[PDB]
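See below for the structure under consideration.
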Number of protein chains: 2
Amino acid sequence: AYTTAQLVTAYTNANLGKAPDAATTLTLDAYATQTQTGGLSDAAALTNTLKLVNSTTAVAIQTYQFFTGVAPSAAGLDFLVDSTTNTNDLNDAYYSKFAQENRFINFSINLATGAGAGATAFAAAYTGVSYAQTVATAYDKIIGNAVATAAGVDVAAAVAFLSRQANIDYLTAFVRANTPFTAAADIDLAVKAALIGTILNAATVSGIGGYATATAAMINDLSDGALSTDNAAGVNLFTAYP
Amino acid sequence: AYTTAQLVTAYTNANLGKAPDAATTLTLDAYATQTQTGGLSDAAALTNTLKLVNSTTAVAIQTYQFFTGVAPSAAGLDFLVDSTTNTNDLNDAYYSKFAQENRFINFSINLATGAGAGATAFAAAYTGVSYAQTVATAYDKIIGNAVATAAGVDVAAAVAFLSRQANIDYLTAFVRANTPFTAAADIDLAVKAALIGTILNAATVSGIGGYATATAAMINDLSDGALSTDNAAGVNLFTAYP
Ligand SMILES: [Ca+2]
Ligand SMILES: [Ca+2]
Ligand SMILES: [Ca+2]
Ligand SMILES: [Ca+2]
Ligand SMILES: [Ho]
Ligand SMILES: [Ho]
């Protein structure tokens with residue numbers, strides 16, 4: 001049985017020192033009183049609390065891992081999510097009009113195609129490969145292929161959907177309008193980055209797959225105030241949380 | 001098998017020393033003779049007896065808990081329900097023309113928006129949140145969300161109903177006419193209080209949910225004359241009756 005004052009501290013540390021909105025406080029409060037009456041177990045309540053930190057935090061853990069091969073350190077996460085120094089950060093003013101999806105896409109393009117940390121590596125790996133393959137391989141990397149089928153979701157129907165011509169056209173226009181790219185190669189390259197972003201979203205929302213399960217465990221460890229692993233130059237998810 | 005003289009004592013202590021009306025005596029009598037013939041079990045008869053004390057007592061236990069975080073002590077309950085000192089009390093002359101519903105609404109507005117004990121806390125918690133969210137979160141706090149679905153009642157249909165525009169308009173007029181509030185903020189705040197009141201009624205009438213089940217157990221303990229928990233400065237329902 002959690003006091004409503006414990007669930008807010010668990011939420012605050014997950015959000016890296018951002019105190020919850022008035023609205024969400026009421027949501028947390030419901031989860032507390034549903035544990036005092038035994039209409040909800042303890043572990044269940046805590047998971048739902050940490051589910052609310054998806055947009056702010058999970059966006060920074062997941063994308064960094066996929067592109068640079070390592071999740072940011074606790075100190076680094078602070079900078080990306082909730083800081084004094086970064087004027088514009090994930091739980092700040094700039095981003096308050098981006099949905100969950102457009103947050104993932106934003107982070108992806110940044111890290112991948114710009115002067116970002118992942119640019120040189122992602123540029124060499126995904127050159128001269130088709131949209132179809134980009135999606136298929138990435139789907140398997142993130143969500144697994146075996147795991148998805150066991151979970152009951154049909155892989156073939158999902159991959160086809162993401163790579164249909166209508167989808168590609170939508171992104172092409174999106175990337176052309178928003179990003180300062182004009183070259184034919186860089187636009188192509190950025191579209192791929194946006195697709196992988198879309199997949200990361202689709203992963204974290206369903207809870208299936210390796211990426212989603214590890215990120216959940218990192219946020220759980222981060223909940224209590226102190227991150228156990230906390231290597232100075234980044235934590236590799238798959239090493240630390242088996 | 002209960003003698004009709006035992007069911008009246010069980011009713012009297014639940015009502016805190018108010019002896020039942022002529023009409024209800026006849027109802028209790030039926031419940032007695034239905035236990036002597038074995039057309040009704042013992043526990044069943046006693047529950048129905050205590051179901052009749054809903055309007056008078058359950059109104060004071062439930063509302064106090066929701067707004068001040070603690071049900072009133074036995075001594076306090078006496079004051080609210082059936083006393084010499086309080087000229088106007090729940091089972092007295094003032095309230096004899098209020099239905100069950102309007103009793104809940106009355107108590108809510110008192111405790112929440114006035115100079116009542118809950119004013120300062122409720123004022124800070126429910127400021128700058130919409131009608132929709134007020135209802136949704138409160139529904140879950142009181143009735144549970146998981147519990148309701150298992151019980152078979154569809155949550156979405158019920159919450160939508162409570163927050164439909166027609167409902168809000170009815171209350172707005174109601175609050176404006178009855179309460180001495182003229183400010184635009186206080187009226188807004190009082191409407192929310194009235195909604196939560198409506199939900200408390202809807203809870204106690206169906207028997208579903210954490211709030212309703214605990215209040216039933218407190219009344220059962222109060223039935224025999226002596227309240228076991230009886231902390232001087234209030235009994236927290238969810239601690240005392242697991
Ligand atoms: Ca900032
Ligand atoms: Ca930890
Ligand atoms: Ca009196
Ligand atoms: Ca007792
Ligand atoms: Ho922070
Ligand atoms: Ho009394």
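Each value in this text was obtained by applying a stated rule to the coordinates, not by laboratory testing. Here the Cβ is made from the backbone with ideal geometry for all residues, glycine too, and neighbour counts use every protein chain on show.
Which of the residues spanning segment B:145-178 are without any contact (Cβ under 8 Å) to a residue 12 or more places away in the chain and within 14 Å of chain A (Cβ to nearest Cβ)?
Here is the first cut: in segment B:145-178, the ones without any contact (Cβ under 8 Å) to a residue 12 or more places away in the chain are B:145-146, B:149-150, B:152, B:154, B:156-157, B:160-161, B:164-167, B:169-170, B:173, B:176-178.
The answer is B:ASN145, B:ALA146, B:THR149, B:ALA150.
Answer with yes or no whether A:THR85 is of a type in the set (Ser, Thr, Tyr) and within 14 Å of ligand 5 (Cβ to nearest atom). Talk me through it step by step, then tell me what you get.
On the way: of a type in the set (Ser, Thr, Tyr): yes; within 14 Å of ligand 5 (Cβ to nearest atom): yes.
Taking the combined requirement at face value, the residue satisfies it.
Which is over 22 Å from the mean Cα position of the chain (by Cα) and within 14 Å of another protein chain (Cβ to nearest Cβ), of A:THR35, A:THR47? Reasoning before the result, please.
Working: A:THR47 fails: over 22 Å from the mean Cα position of the chain (by Cα).
On inspection, the qualifying residue turns out to be A:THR35.
Restrict the check to segment B:22-32 and report whether at least one residue is within 16 Å of ligand 4 (Cβ to nearest atom) and either surrounded by 14 or more Cβ atoms within 10 Å (Cβ to Cβ) or of a type in the set (D, E, K, R) (or both).
No, there is no match, as no residue in segment B:22-32 is within 16 Å of ligand 4 (Cβ to nearest atom) and either surrounded by 14 or more Cβ atoms within 10 Å (Cβ to Cβ) or of a type in the set (D, E, K, R) (or both).
Is it true that some residue in segment B:141-150 is surrounded by fewer than 13 Cβ atoms within 10 Å (Cβ to Cβ) and part of a helix (DSSP H, G or I)?
So the first thing to find is which residues in segment B:141-150 are surrounded by fewer than 13 Cβ atoms within 10 Å (Cβ to Cβ), and the list is B:149-150.
So of that shortlist, the ones also part of a helix (DSSP H, G or I) come out as B:149-150.
Within segment B:141-150, one or more residues are surrounded by fewer than 13 Cβ atoms within 10 Å (Cβ to Cβ) and part of a helix (DSSP H, G or I).
Among the residues of segment B:119-144 satisfying the criterion of being more than 14 Å from B:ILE199 (Cβ to Cβ) and among the polar types (S, T, N, Q), which is nearest to the other protein chains (Cβ to nearest Cβ)?
Of all residues in segment B:119-144, those more than 14 Å from B:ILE199 (Cβ to Cβ) come to B:119-125, B:127-130.
Then drop every residue that is not among the polar types (S, T, N, Q), which leaves B:120, B:127, B:130.
Numbers: B:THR120: 15, B:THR127: 7, B:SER130: 8 Å.
Only one residue fits best here, namely B:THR127.
Give the residue that is nearest to the chain's Cα centre (by Cα), with candidates limited to residues of segment B:103-123 that are among the aliphatic types (A, V, I, L, M) and closer than 20 Å to B:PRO180 by Cβ. Give the derivation first.
Within segment B:103-123, the first condition is being among the aliphatic types (A, V, I, L, M), and the residues that meet it are B:105, B:109, B:111-112, B:115, B:117, B:119, B:121, B:123.
Checking which are closer than 20 Å to B:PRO180 by Cβ leaves us with B:105, B:109, B:111-112, B:115, B:117, B:119, B:123.
Values: B:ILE105: 10, B:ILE109: 13, B:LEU111: 13, B:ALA112: 15, B:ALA115: 21, B:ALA117: 17, B:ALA119: 19, B:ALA123: 21 Å.
Within segment B:103-123, the match that is nearest to the chain's Cα centre (by Cα) is B:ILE105.
Tally up the residues in segment B:95-109 that are over 16 Å from B:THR68 (Cα atoms) and among the hydroxyl-bearing types (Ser, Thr, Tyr), please.
Summing the residues that are over 16 Å from B:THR68 (Cα atoms) and among the hydroxyl-bearing types (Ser, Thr, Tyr) in segment B:95-109 gives 2.
What are the pairs with Cβ atoms under 7 angstrom where one residue, in segment B:216-235, is in a loop (DSSP other than H, G, I, E, B) and the other, located anywhere, is aliphatic (A, V, I, L, M) and within 16 Å of ligand 6 (Cβ to nearest atom)? Sequence gap at least six, or different chains.
These pairs meet every condition: B:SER223/B:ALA10; B:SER223/B:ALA14; B:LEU227/B:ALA74; B:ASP230/B:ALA74.
Could you list, in sequence order, the residues of segment B:15-28 that are hydrophobic (A, V, I, L, M, F, W, C) and either under 14 Å from B:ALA212 (Cα atoms) or not in a loop (DSSP other than H, G, I, E, B) (or both)?
Narrowing segment B:15-28 to residues hydrophobic (A, V, I, L, M, F, W, C): B:16, B:19, B:22-23, B:26, B:28.
Listed by number, the residues that qualify are B:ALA22, B:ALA23, B:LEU26, B:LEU28.
Determine which member of the set B:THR84, B:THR57 is among the hydroxyl-bearing types (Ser, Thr, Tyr), closer than 20 Å to B:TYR11 by Cα, away from every other protein chain (no Cβ under 11 Å) and crowded, with 20+ Cβ neighbours inside 10 Å. Steps first, answer last, please.
On the way: B:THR84 fails: crowded, with 20+ Cβ neighbours inside 10 Å.
The conditions single out B:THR57.
Look through segment B:204-241, keep the residues that are surrounded by fewer than 15 Cβ atoms within 10 Å (Cβ to Cβ) and under 24 Å from B:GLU101 (Cα atoms), and return whichever of them is nearest to the other protein chains (Cβ to nearest Cβ).
Selected residue: B:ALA217.
For segment A:103-128, what are the residues that are without any contact (Cβ under 8 Å) to a residue 12 or more places away in the chain and not in a helix (DSSP H, G or I)?
Result: A:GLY114, A:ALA115, A:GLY128.
Which members of segment A:65-102 meet the condition of being in contact with a helix residue (DSSP H, G or I) (Cβ under 7 Å, 6 or more places away or on another chain) and either free of Cβ contacts under 8 Å to residues at least 60 places away in the same chain or within 16 Å of ligand 3 (Cβ to nearest atom) (or both)?
Those that are in contact with a helix residue (DSSP H, G or I) (Cβ under 7 Å, 6 or more places away or on another chain) and either free of Cβ contacts under 8 Å to residues at least 60 places away in the same chain or within 16 Å of ligand 3 (Cβ to nearest atom) (or both): A:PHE67, A:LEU80, A:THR85, A:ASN86, A:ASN88, A:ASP89, A:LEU90, A:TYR95, A:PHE98.
Being more than 14 Å from chain A (Cβ to nearest Cβ), away from ligand 5 (no atom under 16 Å from the Cβ) and either in a strand (DSSP E or B) or surrounded by 20 or more Cβ atoms within 10 Å (Cβ to Cβ) (or both) is the requirement here; does B:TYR94 meet it?
Numbers: more than 14 Å from chain A (Cβ to nearest Cβ): yes; away from ligand 5 (no atom under 16 Å from the Cβ): yes; either in a strand (DSSP E or B) or surrounded by 20 or more Cβ atoms within 10 Å (Cβ to Cβ) (or both): no.
In short, no.
Taking only segment A:29-60 into account, find how many residues are part of a helix (DSSP H, G or I), among the aliphatic types (A, V, I, L, M) and either touching a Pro at 6+ places or on another chain (Cβ under 8 Å) or free of Cβ contacts under 8 Å to residues at least 60 places away in the same chain (or both). Please lay out each step first, then the result.
Of segment A:29-60, the ones part of a helix (DSSP H, G or I) are A:29-36, A:42-51, A:54-60.
Imposing the further condition that a residue be among the aliphatic types (A, V, I, L, M) reduces the set to A:30, A:32, A:43-46, A:50, A:58-60.
Filter again for either touching a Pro at 6+ places or on another chain (Cβ under 8 Å) or free of Cβ contacts under 8 Å to residues at least 60 places away in the same chain (or both), leaving A:30, A:32, A:43-45, A:59-60.
Number of matching residues: 7.
What's the number of the condition B:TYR126 fails, among (1) closer than 19 Å to B:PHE181 by Cβ; (2) surrounded by fewer than 20 Cβ atoms within 10 Å (Cβ to Cβ); (3) more than 15 Å from the chain's Cα centre (by Cα)?
Condition (2) is where B:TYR126 drops out.
Quick check, is A:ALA19 surrounded by fewer than 22 Cβ atoms within 10 Å (Cβ to Cβ) and either touching a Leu at 6+ places or on another chain (Cβ under 7 Å) or within 13 Å of chain B (Cβ to nearest Cβ) (or both)? Steps first, please.
Values: surrounded by fewer than 22 Cβ atoms within 10 Å (Cβ to Cβ): yes; either touching a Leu at 6+ places or on another chain (Cβ under 7 Å) or within 13 Å of chain B (Cβ to nearest Cβ) (or both): no.
No; evaluated as a whole, the condition is false for this residue.
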